[PDB]
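Below is one structure; the comments refer to it alone.
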Amino acid sequence: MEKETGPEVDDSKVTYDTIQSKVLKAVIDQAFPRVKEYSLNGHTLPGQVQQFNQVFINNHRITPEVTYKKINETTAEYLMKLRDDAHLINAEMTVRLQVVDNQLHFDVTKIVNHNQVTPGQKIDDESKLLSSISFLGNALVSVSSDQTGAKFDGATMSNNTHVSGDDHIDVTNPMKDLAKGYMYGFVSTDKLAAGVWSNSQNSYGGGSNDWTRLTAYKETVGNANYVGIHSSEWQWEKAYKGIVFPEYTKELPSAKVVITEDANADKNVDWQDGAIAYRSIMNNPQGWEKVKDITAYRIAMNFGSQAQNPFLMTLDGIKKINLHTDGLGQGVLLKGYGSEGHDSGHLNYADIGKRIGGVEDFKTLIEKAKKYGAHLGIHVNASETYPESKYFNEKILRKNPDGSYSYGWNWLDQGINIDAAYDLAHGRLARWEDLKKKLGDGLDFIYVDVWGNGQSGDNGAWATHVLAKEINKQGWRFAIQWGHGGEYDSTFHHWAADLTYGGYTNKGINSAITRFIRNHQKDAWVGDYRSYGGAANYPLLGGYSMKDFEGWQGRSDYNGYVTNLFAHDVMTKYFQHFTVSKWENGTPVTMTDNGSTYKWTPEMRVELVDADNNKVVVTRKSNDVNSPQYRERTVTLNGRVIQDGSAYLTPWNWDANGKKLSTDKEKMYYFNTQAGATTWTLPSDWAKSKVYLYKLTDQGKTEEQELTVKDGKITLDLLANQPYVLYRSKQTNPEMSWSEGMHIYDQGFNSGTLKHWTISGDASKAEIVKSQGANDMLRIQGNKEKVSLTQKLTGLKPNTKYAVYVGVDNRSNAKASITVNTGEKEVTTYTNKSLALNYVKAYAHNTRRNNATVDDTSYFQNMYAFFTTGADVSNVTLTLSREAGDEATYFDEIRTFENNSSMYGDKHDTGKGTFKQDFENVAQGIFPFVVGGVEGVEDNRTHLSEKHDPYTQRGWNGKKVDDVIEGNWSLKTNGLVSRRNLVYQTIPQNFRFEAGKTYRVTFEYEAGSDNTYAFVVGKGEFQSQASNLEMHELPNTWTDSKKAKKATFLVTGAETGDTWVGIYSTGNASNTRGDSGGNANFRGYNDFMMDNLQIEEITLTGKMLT
Ligand SMILES: CC(=O)N[C@@H]1[C@@H](O[C@@H]2O[C@H](CO)[C@H](O)[C@H](O)[C@H]2O)[C@@H](O)[C@@H](CO)O[C@@H]1O
Ligand SMILES: [Ca+2]
Ligand SMILES: [Ca+2]
Ligand SMILES: [Ca+2]
Ligand SMILES: [Mn+2]
């Protein structure tokens, strides 16, 4: 390539001025808001050397009529009139250039459109709007090839672990063309660096063309190439289908430059110096400060009306984790906080889940959790909804060009995407407001699922920023799914933090530059997942690795969760208490994985600092990719080693909320993924002190042991993958107030004792034991007389109706009971041997081997009593008991909560009388049925359907059957046809068909096809040697009827006491009558709904006999 040339500059008709601070001088054109040149400590950076007196308004080239006025020694102002009648532009804008110490600020302070535009109202011509304002062509800062050390360094979005998003370019003549959007961008010489910020929400496309708030351009001027950094275009007045967006969607354009000398004392001026300084001019995502102390992220799940994780239970999880980490901070994402749970009732953000305890319990959760540094988030959706939802309306739904619905997710119900732009223009904000109003303060984060994939239309930079603003404005912190989403505002990205998702192309932001800048502000990065290669092969800064134990994707592994925290997350978060100061790459390595062989340049040393001048140095132990040392690091704090390879002894001087700890509370964590002794040098403030070590368990600090200090050092030879904590004085564990708010103490058996129960019988027969998932359970076995455990139920309301259940898994034929005595009345419920495996995937006690009760299975099901308090609640008792038996009964989780069911002879309390279920006041699940094994252990596709006329009912979008038969609730099964298996069943503990007694079972039902579903009668444990069922196949309810059909069956209780009834998915094929896809799922061909179940004991007379 030949030495390049361009026009020289004739500034003969230009009148320049200057504005300046004490350190930075800027020469500016009086004709146009352009900076010719910057000067600092006698060094120079050019700006836009070649005048370019145009802008672009709605992509029309405009020569503005400009008037100048210097305001003070640092500030100038420009009024800029904009006229183009051919394109209906008639407006003006005021711009200010202002120097502030070493920063240059560019602000459009004011915009007037002389065309009539009312935000919120119709406009007849969208071209009358002032939509876009572009100052491309006027570089805010640049560097010339004639200057020593001239380079440009910029970041683009990359989520592929193999591909860096960063460009590093020498500015030379000649050099390759450059016209490209960037997220972050820096120019420098050997003397000065500059960085540029803009609030432009410009996009040039997806992927690495998105989040392109800056634009870098090479321009050739005389005999030099210049690389300048411009703000990309800004957005202003916008509409959707003629409706102008709200005023809050308009943000005044703004950009800033910062110019610096060597800022990390490495005696070199480069992009890093600019990145350090850039932190003083950049946007900071709201709530970023909290991130560094949220060490324990996870999800607590509810789904399909089951209430797997009530709000108050979640607080017990928080307390376990508080103990096991010794006060590390926590972030719990409540997936299914609303409606019937996860993927129910979307868009009605304020509809907090009633069956998990509603808003009252949620508030109590948030409040009590503060002291444990536990922040709560919720999973919401702004892209799709279901007919059940209050906000399902035809006007909001997304249609395809041909008029068809753009169908969304299908699982419990078939959803339909919404038009996000339409939603924004029609009151979206108010939904967030309703939630804030209802819930009050203290919620940390909103996690908006799905947004960023285009289901709802445009989900790009502009729309994401508007959305994020709606949420931030209520006081909430923003979180997103995708690695590539909400770059301006997100603090957390699910697909970055859960390393397992998506594979090497869909992880966090693979940009040295971007992580240097914002590592401490968010979890959006590439963590350690060797199989993805490149940046994911042991990043020196770690990167959040998220695991779960409260039901998300069937995850239940508590211990794994805790060992993961210490293995990845403690050091990850440690670094987030500092800002990166220096970043050193080593030599390119070759790697092979995921089908390619490729070059990767790894980071070898990263330094960080804090406001107290503490210095952290992280060093990779080798640059040889095939050496074990490539995946090892040393970390030093002010010169002292705190990690080396597989082990670390890290100080931690922050309580759970991140507050500086008092001196007597400073501590150190030890963790080592290997066996073997490690030896460590203590800091001077520990070296002459006694030192005690504790092993951290779910019981807190254990196994106190004073350590021997020899020559300022300690030596630790302890269990691998086991956390320990070190103090300079003897520590104790506090009272946790287990299950506070839940009317009983320690409902989940996490307190390590039973002393708070009053035990009748041989107490040696009752023990706390661990499931195969290390879930602590009450076990009663080997007992020759009745054994009982009793507590008062405390803090109840007088004259109030209640439900209480206990999870029970009975391996004995012995009666196992739950009994409530209110002081004026006694009620009891029992089970003999359990006969139904648990198949609720988000429930902690499902039958998956790794969280099985015993013998690789779980029959846990909730066993209920229904009672009503009197005038006096001082002496209400709850009793768990077991009659004599050799085998074991396991009990876990006692939940007492308000319920207005009227199931027994039209009365609430457990008693005699006809059993009715209208599904209008279910406590949780699908009682008296429990989900069967038709889909195995799963987010079961049977739930309680909620009514919304007309959208859930016959006729709407051609729907064939009603979601809801009477009242507001029915029992619905979605598309579970042709499975030859049991969908759900009763169980003796929920309803017992007494030996030899005869019952009439009646219900109303809807069914989309003939003989897809059948009412069945069985006994004992069902097996698909398959079990005998009395089978009654059921016809469709709509071809020859306008409403649900009524069915009636006689059932006689087997002598074994273990008769049950249910619904079975036949092997017959369904009939979608020519419909397919979304239409077919929506309209209900493959559906079954039950309502108004009744079971009456009867004596066979007259015609009942025939
Ligand atoms: C990974 C993730 O967040 N995926 C979202 C989907 O999640 C699934 O939800 C179903 C129940 O509806 C089930 O629990 C699966 O285990 C879970 O992965 C889902 O919420 C959809 C809705 O559009 O969005 C994401 O893909
Ligand atoms: Ca430097
Ligand atoms: Ca438990
Ligand atoms: Ca009903
Ligand atoms: Mn539903």
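The chains in the structure tokens are called A, B, ... from first to last as shown; in each chain the residues are counted from 1, and the ligands are counted from 1 in the order shown.
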Cut-off 9 Å, only C-alpha atoms and all ligand atoms, neighbours of ligand 5 as a compact mmCIF listing (two decimals) with C-alpha atoms, in the first residue's frame:
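Saved result, selection_14.txt, follows:
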```txt
# COMPACT_ATOMS: atom_id res chain seq x y z
CA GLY A 304 -47.69 -24.75 37.99
CA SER A 305 -49.58 -23.81 41.13
CA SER A 339 -49.39 -15.78 39.52
CA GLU A 340 -49.28 -19.61 39.59
CA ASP A 343 -44.38 -18.78 33.06
CA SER A 344 -47.83 -18.01 34.49
CA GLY A 345 -49.72 -14.69 34.26
CA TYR A 386 -51.13 -15.92 28.18
CA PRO A 387 -54.93 -15.44 28.04
CA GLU A 388 -55.14 -15.89 31.83
CA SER A 389 -53.23 -12.65 32.29
CA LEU A 412 -48.66 -24.74 30.92
CA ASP A 413 -50.72 -22.80 28.33
CA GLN A 414 -50.07 -21.57 24.75
CA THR A 942 -50.97 -29.77 34.62
CA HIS A 943 -51.81 -26.68 36.73
CA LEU A 944 -54.71 -24.64 37.93
CA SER A 945 -56.16 -22.73 35.01
CA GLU A 946 -57.30 -19.15 35.71
CA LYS A 947 -60.30 -17.51 34.00
CA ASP A 963 -59.75 -23.32 30.44
CA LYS A 972 -56.04 -28.16 33.40
```
Output the neighbourhood of ligand 1 as an mmCIF file with N, CA and C atoms, in the first residue's frame, that is, all protein and nucleic acid residues with some atom at most 7 Å from the ligand, counting only C-alpha atoms and all ligand atoms.
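Saved as pocket18.cif:
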```
data_model
loop_
_atom_site.group_PDB
_atom_site.id
_atom_site.type_symbol
_atom_site.label_atom_id
_atom_site.label_comp_id
_atom_site.auth_asym_id
_atom_site.auth_seq_id
_atom_site.Cartn_x
_atom_site.Cartn_y
_atom_site.Cartn_z
ATOM 1 N N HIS A 342 -43.703 -19.868 37.628
ATOM 2 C CA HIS A 342 -42.883 -19.541 36.499
ATOM 3 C C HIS A 342 -43.635 -19.774 35.175
ATOM 4 N N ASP A 343 -43.583 -18.790 34.303
ATOM 5 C CA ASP A 343 -44.377 -18.781 33.065
ATOM 6 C C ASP A 343 -45.907 -18.846 33.237
ATOM 7 N N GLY A 408 -46.070 -17.543 20.973
ATOM 8 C CA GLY A 408 -44.926 -17.535 21.882
ATOM 9 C C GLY A 408 -44.821 -18.873 22.543
ATOM 10 N N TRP A 409 -44.246 -18.888 23.726
ATOM 11 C CA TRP A 409 -43.977 -20.118 24.447
ATOM 12 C C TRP A 409 -45.226 -20.915 24.678
ATOM 13 N N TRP A 411 -46.233 -24.167 27.315
ATOM 14 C CA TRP A 411 -45.844 -25.112 28.332
ATOM 15 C C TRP A 411 -47.027 -25.464 29.245
ATOM 16 N N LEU A 412 -47.371 -24.612 30.215
ATOM 17 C CA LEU A 412 -48.662 -24.737 30.918
ATOM 18 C C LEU A 412 -49.882 -24.365 30.048
ATOM 19 N N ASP A 449 -36.609 -11.733 31.323
ATOM 20 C CA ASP A 449 -36.274 -12.922 30.608
ATOM 21 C C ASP A 449 -36.549 -12.694 29.135
ATOM 22 N N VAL A 450 -35.821 -13.410 28.291
ATOM 23 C CA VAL A 450 -36.213 -13.520 26.898
ATOM 24 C C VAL A 450 -35.860 -12.242 26.086
ATOM 25 N N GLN A 481 -31.150 -11.881 30.293
ATOM 26 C CA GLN A 481 -30.832 -13.270 30.028
ATOM 27 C C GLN A 481 -29.542 -13.437 29.275
ATOM 28 N N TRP A 552 -34.807 -24.702 40.102
ATOM 29 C CA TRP A 552 -34.510 -24.316 38.734
ATOM 30 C C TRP A 552 -33.897 -25.460 38.004
ATOM 31 N N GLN A 553 -34.511 -25.860 36.912
ATOM 32 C CA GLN A 553 -34.001 -26.952 36.111
ATOM 33 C C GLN A 553 -33.706 -28.199 36.912
ATOM 34 N N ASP A 939 -41.430 -30.065 35.092
ATOM 35 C CA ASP A 939 -42.267 -28.920 35.292
ATOM 36 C C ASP A 939 -43.594 -29.356 34.670
#
```
Name the residues of range 40-207 of chain A that fall into helix (DSSP H, G or I) according to DSSP on the backbone, using the chain letters and numbers of this document, as a PyMOL selection string. chain A and resi 126-128+207
Quick one: residues within 12 Å of residue 458 in chain A, only C-alpha atoms, excluding same-chain residues fewer than 5 positions away - as a compact mmCIF listing (two decimals) with N, CA and C atoms, in the first residue's frame?
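Below is the file part33.txt, written as the result:
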```
# COMPACT_ATOMS: atom_id res chain seq x y z
N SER A 203 -27.58 1.78 16.93
CA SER A 203 -27.19 0.44 16.52
C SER A 203 -26.91 0.39 15.04
N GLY A 205 -26.59 -2.70 13.64
CA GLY A 205 -26.88 -4.11 13.39
C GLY A 205 -26.75 -4.91 14.66
N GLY A 206 -26.82 -6.23 14.52
CA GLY A 206 -26.73 -7.11 15.66
C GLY A 206 -25.29 -7.48 15.90
N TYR A 240 -44.65 4.72 17.16
CA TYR A 240 -44.93 3.39 16.62
C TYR A 240 -46.32 3.42 16.07
N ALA A 382 -41.49 -9.24 29.31
CA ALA A 382 -42.07 -8.17 28.55
C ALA A 382 -42.18 -8.51 27.06
N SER A 383 -42.26 -9.80 26.74
CA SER A 383 -42.29 -10.22 25.36
C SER A 383 -43.46 -11.10 24.95
N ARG A 398 -48.84 -9.58 19.19
CA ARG A 398 -48.02 -9.46 18.01
C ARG A 398 -48.62 -10.29 16.92
N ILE A 418 -46.23 -10.49 22.43
CA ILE A 418 -46.74 -9.12 22.34
C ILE A 418 -45.77 -8.20 21.57
N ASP A 419 -46.32 -7.07 21.12
CA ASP A 419 -45.61 -6.06 20.36
C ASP A 419 -45.07 -5.07 21.39
N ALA A 420 -43.77 -5.15 21.63
CA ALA A 420 -43.15 -4.37 22.70
C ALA A 420 -43.26 -2.87 22.46
N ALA A 421 -43.19 -2.49 21.19
CA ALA A 421 -43.28 -1.07 20.83
C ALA A 421 -44.67 -0.55 21.12
N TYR A 422 -45.67 -1.35 20.77
CA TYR A 422 -47.04 -1.01 21.05
C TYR A 422 -47.22 -0.92 22.55
N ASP A 423 -46.67 -1.89 23.28
CA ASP A 423 -46.79 -1.92 24.73
C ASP A 423 -46.21 -0.63 25.35
N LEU A 424 -44.98 -0.29 24.97
CA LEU A 424 -44.35 0.94 25.42
C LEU A 424 -45.23 2.16 25.19
N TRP A 451 -36.07 -11.07 26.66
CA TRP A 451 -35.87 -9.79 25.98
C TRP A 451 -34.49 -9.75 25.39
N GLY A 452 -34.42 -9.41 24.11
CA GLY A 452 -33.17 -9.49 23.37
C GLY A 452 -33.15 -10.49 22.22
N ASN A 453 -34.15 -11.37 22.14
CA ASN A 453 -34.26 -12.37 21.08
C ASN A 453 -35.27 -12.00 19.97
N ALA A 463 -34.45 0.40 22.74
CA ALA A 463 -35.64 -0.11 23.40
C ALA A 463 -35.26 -0.71 24.75
N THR A 464 -34.07 -1.32 24.80
CA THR A 464 -33.58 -1.90 26.05
C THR A 464 -33.31 -0.81 27.07
N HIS A 465 -32.77 0.31 26.62
CA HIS A 465 -32.47 1.42 27.51
C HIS A 465 -33.75 2.04 28.08
N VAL A 466 -34.76 2.24 27.24
CA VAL A 466 -36.07 2.73 27.70
C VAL A 466 -36.68 1.80 28.75
N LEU A 467 -36.77 0.52 28.43
CA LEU A 467 -37.23 -0.49 29.35
C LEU A 467 -36.48 -0.42 30.68
```
With a distance cut-off of 7 Å and only C-alpha atoms, select the neighbouring residues of residue 672 in chain A, excluding the residue or stretch itself and same-chain residues fewer than 6 positions from it, and output the selection as a PDB file with N, CA and C atoms, in the first residue's frame.
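Saved to out_26.pdb:
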```
ATOM      1  N   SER A 646      -4.269 -24.206  43.439  1.00  0.00           N
ATOM      2  CA  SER A 646      -5.498 -24.833  43.832  1.00  0.00           C
ATOM      3  C   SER A 646      -6.057 -24.327  45.160  1.00  0.00           C
ATOM      4  N   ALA A 647      -5.299 -23.449  45.838  1.00  0.00           N
ATOM      5  CA  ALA A 647      -5.632 -23.030  47.205  1.00  0.00           C
ATOM      6  C   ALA A 647      -5.518 -21.528  47.436  1.00  0.00           C
ATOM      7  N   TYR A 648      -6.346 -20.994  48.328  1.00  0.00           N
ATOM      8  CA  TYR A 648      -6.240 -19.606  48.668  1.00  0.00           C
ATOM      9  C   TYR A 648      -6.541 -19.356  50.118  1.00  0.00           C
ATOM     10  N   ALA A 720     -10.032 -31.151  51.300  1.00  0.00           N
ATOM     11  CA  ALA A 720     -10.261 -30.594  50.011  1.00  0.00           C
ATOM     12  C   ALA A 720     -11.718 -30.199  49.831  1.00  0.00           C
ATOM     13  N   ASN A 721     -11.938 -29.147  49.064  1.00  0.00           N
ATOM     14  CA  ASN A 721     -13.267 -28.694  48.708  1.00  0.00           C
ATOM     15  C   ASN A 721     -14.140 -28.408  49.869  1.00  0.00           C
TER      16      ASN A 721
END
```
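For range 741-750 of chain A, the set of protein, DNA and RNA residues having any atom at most 8 Å away, when counting only C-alpha atoms and skipping those fewer than 3 positions along the same chain, is residues 312, 316, 320, 364, 698, 699, 737, 738, 753, 756, 768, 776, 777, 778, 791, 792, 793, 794, 795, 796, 892, 893, 894, 895, 896 and 897 of chain A.
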I'd like a table as JSON lines: residues in chain A with an atom no more than 10 Å from ligand 2, each row giving the shortest atom pair and its distance in Å to one decimal, only C-alpha atoms and all ligand atoms counted, sorted by chain and rising residue number.
```
{"residue": "A:190", "atom": "CA", "partner": "ligand 2", "partner_atom_place_in_ligand_line": "1 (Ca)", "distance": 9.6}
{"residue": "A:191", "atom": "CA", "partner": "ligand 2", "partner_atom_place_in_ligand_line": "1 (Ca)", "distance": 9.7}
{"residue": "A:192", "atom": "CA", "partner": "ligand 2", "partner_atom_place_in_ligand_line": "1 (Ca)", "distance": 9.7}
{"residue": "A:193", "atom": "CA", "partner": "ligand 2", "partner_atom_place_in_ligand_line": "1 (Ca)", "distance": 9.2}
{"residue": "A:260", "atom": "CA", "partner": "ligand 2", "partner_atom_place_in_ligand_line": "1 (Ca)", "distance": 9.7}
{"residue": "A:261", "atom": "CA", "partner": "ligand 2", "partner_atom_place_in_ligand_line": "1 (Ca)", "distance": 7.6}
{"residue": "A:262", "atom": "CA", "partner": "ligand 2", "partner_atom_place_in_ligand_line": "1 (Ca)", "distance": 4.3}
{"residue": "A:263", "atom": "CA", "partner": "ligand 2", "partner_atom_place_in_ligand_line": "1 (Ca)", "distance": 5.3}
{"residue": "A:264", "atom": "CA", "partner": "ligand 2", "partner_atom_place_in_ligand_line": "1 (Ca)", "distance": 4.8}
{"residue": "A:265", "atom": "CA", "partner": "ligand 2", "partner_atom_place_in_ligand_line": "1 (Ca)", "distance": 5.6}
{"residue": "A:266", "atom": "CA", "partner": "ligand 2", "partner_atom_place_in_ligand_line": "1 (Ca)", "distance": 4.7}
{"residue": "A:267", "atom": "CA", "partner": "ligand 2", "partner_atom_place_in_ligand_line": "1 (Ca)", "distance": 5.5}
{"residue": "A:268", "atom": "CA", "partner": "ligand 2", "partner_atom_place_in_ligand_line": "1 (Ca)", "distance": 4.3}
{"residue": "A:269", "atom": "CA", "partner": "ligand 2", "partner_atom_place_in_ligand_line": "1 (Ca)", "distance": 4.6}
{"residue": "A:270", "atom": "CA", "partner": "ligand 2", "partner_atom_place_in_ligand_line": "1 (Ca)", "distance": 6.0}
{"residue": "A:271", "atom": "CA", "partner": "ligand 2", "partner_atom_place_in_ligand_line": "1 (Ca)", "distance": 8.2}
{"residue": "A:272", "atom": "CA", "partner": "ligand 2", "partner_atom_place_in_ligand_line": "1 (Ca)", "distance": 6.3}
{"residue": "A:273", "atom": "CA", "partner": "ligand 2", "partner_atom_place_in_ligand_line": "1 (Ca)", "distance": 5.1}
{"residue": "A:274", "atom": "CA", "partner": "ligand 2", "partner_atom_place_in_ligand_line": "1 (Ca)", "distance": 8.7}
{"residue": "A:276", "atom": "CA", "partner": "ligand 2", "partner_atom_place_in_ligand_line": "1 (Ca)", "distance": 9.4}
{"residue": "A:581", "atom": "CA", "partner": "ligand 2", "partner_atom_place_in_ligand_line": "1 (Ca)", "distance": 8.7}
{"residue": "A:582", "atom": "CA", "partner": "ligand 2", "partner_atom_place_in_ligand_line": "1 (Ca)", "distance": 7.7}
```
When you draw a straight line from CA of residue 239 in chain A to CA of residue 183 in chain A, how long is it in Å? 25.9 Å
Please compute the CA of residue 299 in chain A-CA of residue 492 in chain A distance, one decimal, in Å.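 Value for the CA of residue 299 in chain A-CA of residue 492 in chain A distance: 13.3 Å.
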Could you list, as a PyMOL selection string, all the residues within 7 Å of ligand 4, counting only C-alpha atoms and all ligand atoms? chain A and resi 918-920+964-970+1091-1092
Include C-alpha atoms and write out the residues we just selected as a PDB file, in the first residue's frame.
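Okay, result_1.pdb is ready:
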```pdb
ATOM      1  CA  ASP A 918     -64.242 -26.628  43.004  1.00  0.00           C
ATOM      2  CA  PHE A 919     -60.535 -25.605  42.731  1.00  0.00           C
ATOM      3  CA  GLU A 920     -61.448 -22.087  43.812  1.00  0.00           C
ATOM      4  CA  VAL A 964     -62.168 -22.801  33.300  1.00  0.00           C
ATOM      5  CA  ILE A 965     -65.477 -24.668  33.674  1.00  0.00           C
ATOM      6  CA  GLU A 966     -66.965 -22.771  36.683  1.00  0.00           C
ATOM      7  CA  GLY A 967     -65.809 -19.955  38.924  1.00  0.00           C
ATOM      8  CA  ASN A 968     -62.272 -18.696  38.242  1.00  0.00           C
ATOM      9  CA  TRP A 969     -60.271 -21.913  38.540  1.00  0.00           C
ATOM     10  CA  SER A 970     -60.156 -25.386  37.058  1.00  0.00           C
ATOM     11  CA  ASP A1091     -63.759 -28.986  37.678  1.00  0.00           C
ATOM     12  CA  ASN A1092     -66.337 -29.451  40.430  1.00  0.00           C
TER      13      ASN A1092
END
```
DSSP on the backbone, then: every residue of range 270-438 of chain A marked strand (DSSP E or B), written as a compact mmCIF listing (two decimals) with N, CA and C atoms, in the first residue's frame.
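The resulting file, out.txt, is reproduced below:
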```
# COMPACT_ATOMS: atom_id res chain seq x y z
N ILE A 294 -22.61 -9.39 46.25
CA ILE A 294 -23.55 -10.47 46.02
C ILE A 294 -22.72 -11.64 45.56
N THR A 295 -22.31 -12.46 46.52
CA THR A 295 -21.43 -13.61 46.25
C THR A 295 -22.28 -14.86 45.95
N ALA A 296 -23.45 -14.98 46.55
CA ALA A 296 -24.25 -16.20 46.44
C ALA A 296 -25.52 -15.95 45.67
N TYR A 297 -25.41 -16.04 44.35
CA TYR A 297 -26.57 -15.97 43.46
C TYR A 297 -27.21 -17.35 43.37
N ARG A 298 -28.51 -17.38 43.11
CA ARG A 298 -29.21 -18.62 42.80
C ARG A 298 -30.66 -18.34 42.53
N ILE A 299 -31.38 -19.33 42.03
CA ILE A 299 -32.80 -19.18 41.78
C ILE A 299 -33.63 -20.06 42.67
N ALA A 300 -34.71 -19.49 43.20
CA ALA A 300 -35.73 -20.25 43.91
C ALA A 300 -36.98 -20.26 43.02
N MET A 301 -37.45 -21.46 42.67
CA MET A 301 -38.47 -21.66 41.63
C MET A 301 -39.81 -22.08 42.18
N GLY A 329 -22.75 -12.34 51.08
CA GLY A 329 -23.97 -11.71 50.53
C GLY A 329 -24.57 -12.58 49.46
N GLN A 330 -25.86 -12.39 49.22
CA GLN A 330 -26.66 -13.33 48.47
C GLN A 330 -27.63 -12.61 47.57
N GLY A 331 -27.95 -13.25 46.45
CA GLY A 331 -28.92 -12.69 45.56
C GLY A 331 -29.79 -13.81 45.13
N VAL A 332 -31.05 -13.79 45.51
CA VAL A 332 -31.93 -14.89 45.15
C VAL A 332 -32.96 -14.47 44.13
N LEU A 333 -32.90 -15.04 42.93
CA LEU A 333 -33.86 -14.73 41.88
C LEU A 333 -35.12 -15.61 42.03
N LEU A 334 -36.25 -14.93 42.24
CA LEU A 334 -37.49 -15.61 42.50
C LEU A 334 -38.16 -15.89 41.19
N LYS A 335 -37.94 -17.08 40.66
CA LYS A 335 -38.48 -17.42 39.36
C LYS A 335 -39.82 -18.09 39.60
N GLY A 338 -44.73 -14.74 40.78
CA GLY A 338 -46.05 -14.22 40.41
C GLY A 338 -47.05 -15.29 40.02
N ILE A 352 -48.51 -10.84 42.55
CA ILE A 352 -47.60 -11.64 43.33
C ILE A 352 -48.31 -12.91 43.74
N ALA A 374 -28.97 -10.45 51.96
CA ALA A 374 -29.63 -11.22 50.93
C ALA A 374 -30.58 -10.33 50.17
N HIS A 375 -30.29 -10.13 48.89
CA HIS A 375 -31.10 -9.30 48.03
C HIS A 375 -31.97 -10.18 47.16
N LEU A 376 -33.20 -9.73 46.93
CA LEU A 376 -34.16 -10.50 46.16
C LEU A 376 -34.34 -9.89 44.77
N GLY A 377 -34.42 -10.74 43.76
CA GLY A 377 -34.92 -10.31 42.46
C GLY A 377 -36.12 -11.11 42.01
N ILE A 378 -36.77 -10.68 40.94
CA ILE A 378 -37.88 -11.43 40.36
C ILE A 378 -37.71 -11.63 38.87
N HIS A 379 -38.26 -12.73 38.37
CA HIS A 379 -38.25 -13.02 36.95
C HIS A 379 -39.55 -12.46 36.36
N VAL A 380 -39.42 -11.55 35.40
CA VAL A 380 -40.58 -11.04 34.66
C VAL A 380 -40.36 -11.17 33.17
N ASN A 381 -41.40 -10.82 32.42
CA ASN A 381 -41.41 -10.97 30.99
C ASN A 381 -42.09 -9.75 30.38
N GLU A 384 -44.10 -11.75 25.90
CA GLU A 384 -45.20 -12.67 25.58
C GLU A 384 -46.15 -12.76 26.77
N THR A 385 -47.36 -13.24 26.53
CA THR A 385 -48.30 -13.46 27.63
C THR A 385 -49.32 -14.53 27.30
N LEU A 397 -51.24 -7.91 21.18
CA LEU A 397 -50.65 -9.12 20.65
C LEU A 397 -49.92 -8.84 19.39
N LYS A 399 -48.83 -9.67 15.78
CA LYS A 399 -49.28 -10.36 14.58
C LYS A 399 -48.16 -10.43 13.56
N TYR A 405 -51.31 -14.67 14.41
CA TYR A 405 -50.58 -14.46 15.66
C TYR A 405 -49.17 -14.95 15.56
N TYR A 407 -47.08 -16.68 17.63
CA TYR A 407 -47.22 -17.48 18.85
C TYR A 407 -45.92 -17.51 19.65
N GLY A 408 -46.07 -17.54 20.97
CA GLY A 408 -44.93 -17.54 21.88
C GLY A 408 -44.82 -18.87 22.54
N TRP A 409 -44.25 -18.89 23.73
CA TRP A 409 -43.98 -20.12 24.45
C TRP A 409 -45.23 -20.92 24.68
N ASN A 410 -45.07 -22.24 24.67
CA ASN A 410 -46.12 -23.17 25.10
C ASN A 410 -45.62 -24.14 26.15
N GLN A 414 -50.68 -22.15 25.95
CA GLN A 414 -50.07 -21.57 24.75
C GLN A 414 -50.11 -20.02 24.81
N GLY A 415 -48.93 -19.42 24.84
CA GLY A 415 -48.80 -17.97 24.91
C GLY A 415 -48.66 -17.35 23.54
N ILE A 416 -48.80 -16.03 23.50
CA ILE A 416 -48.71 -15.30 22.26
C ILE A 416 -47.77 -14.13 22.49
N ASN A 417 -46.86 -13.90 21.55
CA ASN A 417 -45.93 -12.78 21.73
C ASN A 417 -46.73 -11.49 21.72
N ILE A 418 -46.23 -10.49 22.43
CA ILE A 418 -46.74 -9.12 22.34
C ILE A 418 -45.77 -8.20 21.57
```
When you look at range 856-873 of chain A with a cut-off of 8 Å (counting only C-alpha atoms), what residues show up, excluding the ones that are within fewer than 3 positions of it in the same chain? I need them as a PyMOL selection string. chain A and resi 772+794-810+818-820+822-824+827-831+834-838+845-850+852-853+876+908-910+930+989-990
Mind checking which residues fall within 12 Å of residue 512 in chain A, counting only C-alpha atoms, ignoring those fewer than 6 positions away in the same chain, and posting them as a ChimeraX atom specification? /A:153-158,161,163-168,184,271-272,275,518-519,525-526,535,539-541,580,582-585,601-606
Residue among A:441, A:487, A:550, A:906 lying closest to ligand 3, counting only C-alpha atoms and all ligand atoms: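 Nearest candidate to ligand 3 out of A:441, A:487, A:550, A:906: A:550.
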